[PDB]
Amino acid sequence: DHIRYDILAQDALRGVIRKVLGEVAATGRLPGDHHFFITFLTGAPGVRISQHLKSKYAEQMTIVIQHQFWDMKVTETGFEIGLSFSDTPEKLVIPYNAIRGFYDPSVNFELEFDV
Amino acid sequence: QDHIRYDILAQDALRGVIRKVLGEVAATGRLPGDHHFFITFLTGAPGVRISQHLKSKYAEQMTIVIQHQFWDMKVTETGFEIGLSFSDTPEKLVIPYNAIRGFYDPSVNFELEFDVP
């Protein structure tokens, strides 16, 4: 039991999500008809949100990076993005370890983690 | 139309798990707990270095077991090297990571598969 394959795998997969949106942010544009549905834990450590959003999605929120999003920056720890809302601009930092689900419908790809 | 190819990205990532695990063992020199690996690879793939004895005994695929009697395990950038005994004649094997087709750890029922061809 000395080997935590489950952890190792999820860090590895986690790092795929890093590479991906890592190159989407490089060019600012999203390739072909691609787009992501990243589901994360609003209260996870490392997460940077607003009491506004947190008082809206107490446990977990699901953003959607499509057509045009903004300010997306991608670090080894997580991704920062802009999220224009009906009444206020929001900017959240979502650390990878906080992501519990990544879904890309264009190529029917799905990742799920234990949070 | 896929511009990202998640599969190739997931595969190299998981292949990366085999690297740190095999690399951790190569460090110490002993498998932890009841862990042991069933590594299946292509004897034909390039970079693979095995003897005529084994290449003839095994056509294209082969499954090796790292458990009780292994020596000189060296993890490199390209793949890894391991020493095992087959029918009492010691052997040295060079397996490049991209030649691995499957990795199984019966100890904790953990298996990984790749498109080795």
# chains A, B, ... in the order shown; residues from 1 in each chain; ligands from 1

$ interface_residues --of "chain A" --to "chain B" --cutoff "10 Å" --atoms "only C-alpha atoms" --output "number ranges by chain"
A: 1-17, 19-20, 23-24, 30-34, 104, 106-110

$ residues_around --residues "residue B:103" --least-positions-apart "2" --cutoff "10 Å" --atoms "only C-alpha atoms" --output "mmCIF file with C-alpha atoms, in the first residue's frame"
data_model
loop_
_atom_site.group_PDB
_atom_site.id
_atom_site.type_symbol
_atom_site.label_atom_id
_atom_site.label_comp_id
_atom_site.auth_asym_id
_atom_site.auth_seq_id
_atom_site.Cartn_x
_atom_site.Cartn_y
_atom_site.Cartn_z
ATOM 1 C CA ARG B 15 3.320 7.059 -18.619
ATOM 2 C CA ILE B 18 5.343 4.647 -14.292
ATOM 3 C CA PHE B 37 4.859 -4.760 -11.232
ATOM 4 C CA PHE B 38 3.769 -6.712 -14.287
ATOM 5 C CA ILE B 39 5.221 -4.747 -17.188
ATOM 6 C CA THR B 40 4.261 -5.798 -20.673
ATOM 7 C CA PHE B 41 6.218 -4.424 -23.617
ATOM 8 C CA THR B 63 5.418 -9.510 -19.774
ATOM 9 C CA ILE B 64 8.095 -9.161 -17.125
ATOM 10 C CA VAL B 65 7.551 -9.343 -13.415
ATOM 11 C CA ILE B 100 5.512 -0.366 -22.554
ATOM 12 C CA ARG B 101 2.037 -1.574 -23.465
ATOM 13 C CA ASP B 105 0.340 -3.975 -9.865
ATOM 14 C CA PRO B 106 -1.647 -6.987 -8.531
ATOM 15 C CA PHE B 110 -3.852 -1.003 -10.439
ATOM 16 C CA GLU B 111 -3.496 -1.372 -14.206
ATOM 17 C CA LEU B 112 -2.492 0.984 -17.019
ATOM 18 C CA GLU B 113 -2.642 0.352 -20.755
ATOM 19 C CA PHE B 114 -1.169 2.223 -23.696
#

$ residues_around --residues "residue A:46" --least-positions-apart "6" --cutoff "12 Å" --atoms "only C-alpha atoms" --output "list in words"
residues 40, 77, 78, 79, 80, 92, 93, 94, 95, 96, 97, 98 and 99 of chain A

$ write_last_selection --atoms "N, CA, C and O atoms" --output "PDB file, in the first residue's frame"
ATOM      1  N   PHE A  40     -15.345  23.036  -9.845  1.00  0.00           N
ATOM      2  CA  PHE A  40     -14.420  23.092  -8.711  1.00  0.00           C
ATOM      3  C   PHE A  40     -15.086  23.328  -7.352  1.00  0.00           C
ATOM      4  O   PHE A  40     -16.292  23.534  -7.271  1.00  0.00           O
ATOM      5  N   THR A  77       0.195  26.124 -10.397  1.00  0.00           N
ATOM      6  CA  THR A  77      -0.742  25.835  -9.315  1.00  0.00           C
ATOM      7  C   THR A  77      -2.214  25.903  -9.673  1.00  0.00           C
ATOM      8  O   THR A  77      -3.037  25.206  -9.090  1.00  0.00           O
ATOM      9  N   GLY A  78      -2.556  26.764 -10.612  1.00  0.00           N
ATOM     10  CA  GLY A  78      -3.944  26.874 -10.996  1.00  0.00           C
ATOM     11  C   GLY A  78      -4.103  27.862 -12.119  1.00  0.00           C
ATOM     12  O   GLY A  78      -3.124  28.298 -12.720  1.00  0.00           O
ATOM     13  N   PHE A  79      -5.342  28.208 -12.424  1.00  0.00           N
ATOM     14  CA  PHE A  79      -5.581  29.170 -13.473  1.00  0.00           C
ATOM     15  C   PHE A  79      -6.423  30.311 -12.952  1.00  0.00           C
ATOM     16  O   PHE A  79      -7.325  30.131 -12.131  1.00  0.00           O
ATOM     17  N   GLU A  80      -6.107  31.499 -13.438  1.00  0.00           N
ATOM     18  CA  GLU A  80      -6.815  32.698 -13.051  1.00  0.00           C
ATOM     19  C   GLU A  80      -7.649  33.067 -14.260  1.00  0.00           C
ATOM     20  O   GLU A  80      -7.182  32.920 -15.383  1.00  0.00           O
ATOM     21  N   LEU A  92     -11.603  34.855 -10.560  1.00  0.00           N
ATOM     22  CA  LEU A  92     -11.262  33.802  -9.621  1.00  0.00           C
ATOM     23  C   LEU A  92     -10.018  33.017  -9.978  1.00  0.00           C
ATOM     24  O   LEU A  92      -9.698  32.827 -11.148  1.00  0.00           O
ATOM     25  N   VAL A  93      -9.297  32.619  -8.934  1.00  0.00           N
ATOM     26  CA  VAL A  93      -8.095  31.808  -9.041  1.00  0.00           C
ATOM     27  C   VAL A  93      -8.583  30.439  -8.592  1.00  0.00           C
ATOM     28  O   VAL A  93      -9.094  30.291  -7.487  1.00  0.00           O
ATOM     29  N   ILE A  94      -8.457  29.449  -9.466  1.00  0.00           N
ATOM     30  CA  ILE A  94      -8.898  28.099  -9.156  1.00  0.00           C
ATOM     31  C   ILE A  94      -7.719  27.160  -9.206  1.00  0.00           C
ATOM     32  O   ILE A  94      -7.221  26.855 -10.279  1.00  0.00           O
ATOM     33  N   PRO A  95      -7.237  26.706  -8.039  1.00  0.00           N
ATOM     34  CA  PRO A  95      -6.093  25.790  -8.023  1.00  0.00           C
ATOM     35  C   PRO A  95      -6.545  24.428  -8.530  1.00  0.00           C
ATOM     36  O   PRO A  95      -7.672  24.005  -8.260  1.00  0.00           O
ATOM     37  N   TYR A  96      -5.674  23.752  -9.275  1.00  0.00           N
ATOM     38  CA  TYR A  96      -6.006  22.451  -9.859  1.00  0.00           C
ATOM     39  C   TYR A  96      -6.523  21.427  -8.876  1.00  0.00           C
ATOM     40  O   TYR A  96      -7.503  20.736  -9.161  1.00  0.00           O
ATOM     41  N   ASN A  97      -5.867  21.332  -7.723  1.00  0.00           N
ATOM     42  CA  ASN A  97      -6.277  20.385  -6.693  1.00  0.00           C
ATOM     43  C   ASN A  97      -7.732  20.615  -6.289  1.00  0.00           C
ATOM     44  O   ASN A  97      -8.370  19.721  -5.735  1.00  0.00           O
ATOM     45  N   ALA A  98      -8.255  21.806  -6.572  1.00  0.00           N
ATOM     46  CA  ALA A  98      -9.638  22.137  -6.233  1.00  0.00           C
ATOM     47  C   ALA A  98     -10.623  21.691  -7.305  1.00  0.00           C
ATOM     48  O   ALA A  98     -11.822  21.610  -7.047  1.00  0.00           O
ATOM     49  N   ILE A  99     -10.127  21.407  -8.508  1.00  0.00           N
ATOM     50  CA  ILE A  99     -10.999  20.954  -9.591  1.00  0.00           C
ATOM     51  C   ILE A  99     -11.451  19.534  -9.286  1.00  0.00           C
ATOM     52  O   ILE A  99     -10.644  18.704  -8.866  1.00  0.00           O
TER      53      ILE A  99
END

$ residues_around --residues "residue A:59" --least-positions-apart "4" --cutoff "10 Å" --atoms "only C-alpha atoms" --output "VMD selection string"
chain A and resid 40 to 44 54 to 55

$ closest_residue --among "A:103, A:82, A:87, A:73" --to "residue A:25" --atoms "only C-alpha atoms"
A:73

$ residues_around --residues "residue A:88" --least-positions-apart "4" --cutoff "12 Å" --atoms "only C-alpha atoms" --output "list in words"
residues 50, 52, 53, 82, 83 and 84 of chain A

$ write_last_selection --atoms "N, CA, C and O atoms" --output "mmCIF file, in the first residue's frame"
data_model
loop_
_atom_site.group_PDB
_atom_site.id
_atom_site.type_symbol
_atom_site.label_atom_id
_atom_site.label_comp_id
_atom_site.auth_asym_id
_atom_site.auth_seq_id
_atom_site.Cartn_x
_atom_site.Cartn_y
_atom_site.Cartn_z
ATOM 1 N N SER A 50 -15.220 35.553 -4.427
ATOM 2 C CA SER A 50 -15.772 36.726 -3.752
ATOM 3 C C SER A 50 -16.868 36.208 -2.839
ATOM 4 O O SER A 50 -17.424 35.143 -3.099
ATOM 5 N N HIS A 52 -19.542 37.242 -2.735
ATOM 6 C CA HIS A 52 -20.679 37.284 -3.632
ATOM 7 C C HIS A 52 -20.899 35.912 -4.267
ATOM 8 O O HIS A 52 -21.953 35.300 -4.089
ATOM 9 N N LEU A 53 -19.898 35.430 -5.003
ATOM 10 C CA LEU A 53 -19.982 34.128 -5.668
ATOM 11 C C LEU A 53 -20.120 32.971 -4.680
ATOM 12 O O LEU A 53 -20.883 32.033 -4.912
ATOM 13 N N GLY A 82 -11.220 35.655 -15.896
ATOM 14 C CA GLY A 82 -12.212 36.694 -15.725
ATOM 15 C C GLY A 82 -13.544 36.054 -16.048
ATOM 16 O O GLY A 82 -13.615 35.167 -16.891
ATOM 17 N N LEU A 83 -14.606 36.488 -15.388
ATOM 18 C CA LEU A 83 -15.908 35.897 -15.640
ATOM 19 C C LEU A 83 -17.033 36.929 -15.569
ATOM 20 O O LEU A 83 -17.710 37.054 -14.546
ATOM 21 N N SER A 84 -17.229 37.659 -16.666
ATOM 22 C CA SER A 84 -18.270 38.677 -16.736
ATOM 23 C C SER A 84 -19.620 38.121 -16.327
ATOM 24 O O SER A 84 -20.144 37.207 -16.954
#

$ select_by_dssp --residues "chain B" --states "strand (DSSP E or B)" --output "number ranges by chain"
B: 37-42, 49, 61-66, 71-75, 79-86, 89-96, 100-105, 110-113

$ atom_distance --atom1 "atom CA of residue B:83" --atom2 "atom CA of residue B:116"
21.9 Å

$ closest_residue --among "A:27, A:51, A:86, A:39" --to "residue A:64" --atoms "only C-alpha atoms"
A:39

$ select_by_dssp --residues "chain A" --states "alpha helix (DSSP H)" --output "ChimeraX atom specification"
/A:5-27,51-54

$ residues_around --residues "stretch 51-57 of chain B" --least-positions-apart "4" --cutoff "8 Å" --atoms "only C-alpha atoms" --output "VMD selection string"
chain B and resid 43 91 to 92

$ write_last_selection --atoms "C-alpha atoms" --output "short mmCIF file (atom, residue, chain, number, x, y, z; two decimals), in the first residue's frame"
data_model
loop_
_atom_site.label_atom_id
_atom_site.label_comp_id
_atom_site.auth_asym_id
_atom_site.auth_seq_id
_atom_site.Cartn_x
_atom_site.Cartn_y
_atom_site.Cartn_z
CA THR B 43 10.35 -6.70 -27.71
CA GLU B 91 19.25 -11.14 -18.09
CA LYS B 92 19.61 -7.41 -18.64
#

$ atom_distance --atom1 "atom CA of residue A:36" --atom2 "atom CA of residue A:65"
5.1 Å

$ atom_distance --atom1 "atom CA of residue B:28" --atom2 "atom CA of residue B:99"
24.3 Å
